[PDB]
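I have placed the structure first, in the form of structure tokens, so that the comments after it can refer back to it.
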Amino acid sequence: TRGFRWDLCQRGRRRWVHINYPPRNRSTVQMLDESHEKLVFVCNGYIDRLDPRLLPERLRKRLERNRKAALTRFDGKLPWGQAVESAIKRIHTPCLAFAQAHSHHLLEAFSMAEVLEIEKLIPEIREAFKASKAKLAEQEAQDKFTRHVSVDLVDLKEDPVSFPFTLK
Amino acid sequence: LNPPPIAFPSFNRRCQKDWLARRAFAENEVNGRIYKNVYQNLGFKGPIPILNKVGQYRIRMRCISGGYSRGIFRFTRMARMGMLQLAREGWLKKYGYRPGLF
Amino acid sequence: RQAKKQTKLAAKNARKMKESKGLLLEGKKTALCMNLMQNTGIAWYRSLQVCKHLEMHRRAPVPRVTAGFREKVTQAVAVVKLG
Amino acid sequence: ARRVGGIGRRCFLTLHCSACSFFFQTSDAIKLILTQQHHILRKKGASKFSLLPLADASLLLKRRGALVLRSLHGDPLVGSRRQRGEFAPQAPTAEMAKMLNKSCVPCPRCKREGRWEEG
Amino acid sequence: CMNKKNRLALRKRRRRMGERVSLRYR
Amino acid sequence: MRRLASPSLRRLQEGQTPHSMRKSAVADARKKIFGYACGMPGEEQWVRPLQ
RNA sequence: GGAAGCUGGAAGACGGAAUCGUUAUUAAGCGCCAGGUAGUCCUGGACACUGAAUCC
RNA sequence: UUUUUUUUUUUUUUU
RNA sequence: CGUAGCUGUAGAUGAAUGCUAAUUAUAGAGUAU
Numbered sequence: 001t002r003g004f005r006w007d008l009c010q011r012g013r014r015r016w017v018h019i020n021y022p023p024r025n026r027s028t029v030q031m032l033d034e035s036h037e038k039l040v041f042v043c044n045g046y047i048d049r050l051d052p053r054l055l056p057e058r059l060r061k062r063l064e065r066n067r068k069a070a071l072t073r074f075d076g077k078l079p080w081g082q083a084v085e086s087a088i089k090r091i092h093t094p095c096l097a098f099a100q101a102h103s104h105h106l107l108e109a110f111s112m113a114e115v116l117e118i119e120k121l122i123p124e125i126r127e128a129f130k131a132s133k134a135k136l137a138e139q140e141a142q143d144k145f146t147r148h149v150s151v152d153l154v155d156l157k158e159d160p161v162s163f164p165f166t167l168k
Numbered sequence: 001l002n003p004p005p006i007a008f009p010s011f012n013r014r015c016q017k018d019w020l021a022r023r024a025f026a027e028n029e030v031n032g033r034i035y036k037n038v039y040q041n042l043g044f045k046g047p048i049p050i051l052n053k054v055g056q057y058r059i060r061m062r063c064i065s066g067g068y069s070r071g072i073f074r075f076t077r078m079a080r081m082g083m084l085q086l087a088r089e090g091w092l093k094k095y096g097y098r099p100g101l102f
Numbered sequence: 001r002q003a004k005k006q007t008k009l010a011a012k013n014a015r016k017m018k019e020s021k022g023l024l025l026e027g028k029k030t031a032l033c034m035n036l037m038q039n040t041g042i043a044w045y046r047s048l049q050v051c052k053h054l055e056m057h058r059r060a061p062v063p064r065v066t067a068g069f070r071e072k073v074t075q076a077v078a079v080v081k082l083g
Numbered sequence: 001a002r003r004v005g006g007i008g009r010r011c012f013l014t015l016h017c018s019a020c021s022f023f024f025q026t027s028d029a030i031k032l033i034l035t036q037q038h039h040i041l042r043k044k045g104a105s106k107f108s109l110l111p112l113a114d115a116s117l118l119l120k121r122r123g124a125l126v127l128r129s130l131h132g133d134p135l136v137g138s139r140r141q142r143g144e145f146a147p148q149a150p151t152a153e154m155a156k157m158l159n160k161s162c163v164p165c166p167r168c169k170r171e172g173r174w175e176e177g
Numbered sequence: 001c002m003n004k005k006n007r008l009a010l011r012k013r014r015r016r017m018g019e020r021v022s023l024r025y026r
Numbered sequence: 001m002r003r004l005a006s007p008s009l010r011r012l013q014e015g016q017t018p019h020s021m022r023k024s025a026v027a028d029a030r031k032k033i034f035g036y037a038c039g040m041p042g043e044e045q046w047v048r049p050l051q
């Protein structure tokens, strides 16, 4: 009676920004019903970064040899912050993310500063949609013939054993 | 009282679910070989999650005059009680069944 | 009962005291190959591998100790120990 | 009593050669092709030159070299536990002979082209 | 093949096919 | 060349040998009357019968 | 999950007391596979060889 | 077989 | 087919086989020391 997959017991792709999935003071969702995908909700963000400059001479030599190299070693980072937490800098910043309707899985999050930049670029991004519509007709004719099938031999077939041959 | 009519089994949700996977695998049997051929040519070993729900190994033996999924052979396709009732009703004599020998 | 683990631990430390030599030529059996197995990290397999470079019979009695003989024996052990 | 090959002195692991007189087991076949890689590469005419380091004679005798040879040799004699009775393993020399002859590997005894055979 | 009976059978079987397997322990 | 050895000398210059090309003719006919399988990587899927 | 190389100082020479039963190709040893619809057991099913003694 | 061999035995079959 | 007969080694006071930086095979997936 062992587990099915061992991948669930490992850390996947880094999310850059770490956010606590279980909410405590989240508001009530609104809209996003007909689509039934990628619901919108507000939460609290928490940025974190590492700058390997203040490390000692003992640990800095080994850290750089693993990060700046041909291939990654040990994920290109040290173990849990047992003694490196002093150089760790983190700043609290409110953020938001999206979750699946039925699956209820986290997709990604965006910083508050980046959210405001999207509003200022509305005029620039709106006009970009017109260019895509131009190629819509051109790609329709080329993508329609993307189906390889065997040549049909039957031709509403004859009974050509010997006779008929004068009938042809 | 009245022994069951062995031609028509009773209702069973689990029994019907096993047959459902058989149809799905048959239609997807062609796609299974394509997934193995592409990886073999490229020389890379990778998983095939799509085969989990339509795999051949998902199906297992089951009792036709039953619904239990244990104690079924490939020759009789029946459980312990399924064979006893069938043999005692006088149906295997034509098929060369002599119970005299041990 | 529990004191046996500590009492037997002295035997492991005694091996370190006997170390610092190229190879413990002294042994109990007459065969050189069998005596060579007394060392740590060598068994029936590695014991024969060392003797391959010595160019001698399998059951060859240990010859007289020589300063130049130890260097050849010690060099072969490192090559075999690499795996 | 405990002879190798049984009553009929079976030999399902050796390959004979048409020219000269020399035979070897499949274990040495892997080492021979790897060692003589310079001749094979030049015969035909980076990703292609990936096994260059393995051509070293001393590297094969090290711990790393021992594992590489064992990885390629899958021990075909060993199989599933249900392969009993008529379902017994046969001589795998049929596949080895084809590769050894197509690769055009010289024989250690005499320098010759593809002359190997099953035996 | 968990016990010494069935497990040793595999090694002895390969010895009759033209192979040499160490025997020794187990 | 002479009279009868006309084709033997010409084949020698092209690189023909009395041992290599001898097996090529046997293989050419064998591959025609039998299957084309030669242990290529990816042919193991076509041999397994459908279930 | 099965097997293999290397390495090897895991805990055992205790007890002639006592409890489980065999109607002889019995008992005691050793070797092989058929099914369990990919692999996957020291149990169960099933065949063959050596094969002693006693007052039962 | 005095130019002959160079050797252990199984659980269906010469109908 | 296994203990063979026969015949070399040590007429074993020291033959217990589990533990594991590490590979072999089936499977879509059996991973980390």
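For the record, the sequence lines run as chains HO, HD, HL, HE, HN and HT.
Just so we're aligned, residue 1 is where the first sequence starts under the deposited numbering, counting upward by one.
Just so we're aligned, residue 1 is where the second sequence starts under the deposited numbering, counting upward by one.
Just so we're aligned, residue 1 is where the third sequence starts under the deposited numbering, counting upward by one.
Quick note, the fourth sequence lines up with residues 1 to 45, 104 to 177 if you use the deposited numbering.
Just so we're aligned, residue 1 is where the fifth sequence starts under the deposited numbering, counting upward by one.
Just so we're aligned, residue 1 is where the sixth sequence starts under the deposited numbering, counting upward by one.
Positions of the beta carbon are idealized from the N, C-alpha and C atoms, including for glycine.
Taking only the alpha-carbon atoms, compute the straight-line gap between residue i and residue j and give it to the nearest angstrom.
i	j	result
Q142/HO	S150/HO	20 Å
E55/HL	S22/HN	23 Å
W174/HE	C168/HE	12 Å
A79/HD	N12/HD	16 Å
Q38/HL	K8/HL	17 Å
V29/HO	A101/HO	11 Å
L110/HE	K120/HE	16 Å
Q141/HE	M61/HD	23 Å
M157/HE	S108/HE	19 Å
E153/HE	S24/HT	18 Å
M83/HD	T76/HD	7 Å
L20/HD	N28/HD	13 Å
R3/HT	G172/HE	32 Å
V40/HO	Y36/HT	59 Å
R20/HN	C51/HL	22 Å
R2/HE	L127/HE	29 Å
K133/HO	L121/HO	20 Å
Where does residue i sit, in a helix, a strand or coil, going by DSSP?
i	result
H53/HL	helix
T93/HO	strand
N44/HO	strand
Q36/HE	coil
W174/HE	strand
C15/HD	helix
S108/HE	coil
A29/HE	helix
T146/HO	coil
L153/HO	coil
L119/HE	coil
residue 27/HN	For residue 27/HN there is no data in the structure shown, the boundaries of chain HN being 1 and 26.
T7/HL	helix
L39/HO	strand
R139/HE	coil
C165/HE	coil
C11/HE	coil
Mind listing the chain HT neighbours of residue i? Cutoff is C-beta to C-beta under 7 Å, in chain order.
i	result
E153/HE	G39
Report all residues from its chain with a CB closer than 7 Å to the CB of residue i; omit the five preceding and five following residues, and keep chain order.
i	result
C1/HN	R7, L10
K106/HE	none
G137/HE	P147
In chain order, what residues of the same chain lie with their CB nearer than 6 Å to the CB of residue i, ignoring the 5 residues before and after it?
i	result
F25/HD	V54, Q56
Since residue i meets chain HN, which of its residues come closer than 8 Å, beta carbon to beta carbon?
i	result
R10/HE	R16, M17, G18
residue 49/HE	In this structure residue 49/HE is absent; chain HE steps straight from 45 to 104.
Below 7 Å on C-beta distance, what does residue i contact in chain HD?
i	result
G42/HT	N37, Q40, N41
Taking C-beta pairs closer than 9 Å, name the residues in chain HD that residue i reaches, listed in chain order.
i	result
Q51/HT	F25, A26, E29, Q56
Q45/HT	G32, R33, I34, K36, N37, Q40
For residue i, return the contacting residues in chain HE, with the cut-off set at a CB-CB distance below 8 Å.
i	result
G41/HL	Chain HE residues near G41/HL: none, gap ~13 Å exceeds 8 Å.
What does residue i touch in chain HT if you count any residue whose Cβ is under 9 Å from its own?
i	result
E171/HE	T17, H19, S20
Find the residues of chain HN that neighbour residue i, judging by a C-beta separation of less than 7 Å, and give them in chain order.
i	result
residue 195/HE	Residue numbering for chain HE in the displayed model covers 1 to 177; residue 195/HE lies beyond these limits and cannot be assessed.
residue 78/HE	Coordinates for residue 78/HE are simply not present: the residues of chain HE run from 45 and resume at 104.
Spatial neighbours of residue i within its chain, please: C-beta separation below 8 Å, excluding the five flanking residues on both sides.
i	result
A113/HE	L34, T35, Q37, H38
Inter-stretch contact at 8 Å, needing at least 3 Cβ pairs: the stretch 126-139 of chain HO / the stretch 49-65 of chain HO: Contact fails: fewer than three Cβ-Cβ distances are below 8 Å.
Inter-stretch contact (C-beta, 8 Å, three-pair minimum) for the stretch 155-169 of chain HE and the stretch 31-39 of chain HE: The stretch 155-169 of chain HE vs the stretch 31-39 of chain HE: in contact.
Sufficient close CB pairs (3 or more, under 8 Å) joining the stretch 18-29 of chain HO to the stretch 37-50 of chain HO: yes
The stretch 2-11 of chain HD / the stretch 74-91 of chain HD touching (three or more Cβ pairs under 8 Å): Segments in contact, yes.
Segment contact flag, the stretch 19-31 of chain HE with the stretch 117-134 of chain HE, C-beta cutoff 8 Å, min 3 pairs: yes
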